[PDB]
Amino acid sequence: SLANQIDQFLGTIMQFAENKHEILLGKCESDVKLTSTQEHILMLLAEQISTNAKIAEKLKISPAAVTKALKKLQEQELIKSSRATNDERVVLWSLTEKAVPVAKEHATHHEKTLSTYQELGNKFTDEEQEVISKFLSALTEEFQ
């Protein structure tokens, strides 16, 4: 039955998701060994220099966790801190040269993940795609 496939499919999503913090397909191809969360922060910092707080929000984790992750990245020479223009208590984090290709690769990993969903969707007709879109909206509601 459909309910059974839905159930199994979700289970499959989790066996895949242990232990990552996010779903990316294919292999990270970055030469620097870091966690998805670490690389992700680097990617966020490339799109926009940021505070501990803005990051906590984007990633949806404790500031305390962010602080831990940033200190590690700072020690690994992947990020550097600086003060804000007007307010000097505001601490801003940005990429170093070392991190630029790493941010770049992770963004790409995101792009390839999206491309895959996209090519999967495109094996369906325009109208097929619209049924699948309503299924996902419906299913998305149960988990809110």
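Numbering starts at 1 and follows the sequence shown.
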Practice problem: Can you let me know which of the two, 107-115 or 52-60, has the higher average C-alpha B-factor in the entry? | Solution: 52-60
Self-check item: Mean Cα B-factor comparison, 72-80 or 86-94, giving the higher one as deposited
Solution: 86-94
Self-check item: Modelled-residue ranking by C-alpha temperature factor, third containing residue 140
Solution: middle
Quiz item: Lowest, middle or highest third: where is residue 25 by Cα B-factor in its chain?
Solution: middle
Practice problem: Would you mind ranking residue 32 by its C-alpha B-factor against the rest of the chain and naming the third, lowest, middle or highest? | Solution: highest
Self-check item: CA B-factor ranking of residue 132, expressed as a third of its chain
Solution: middle
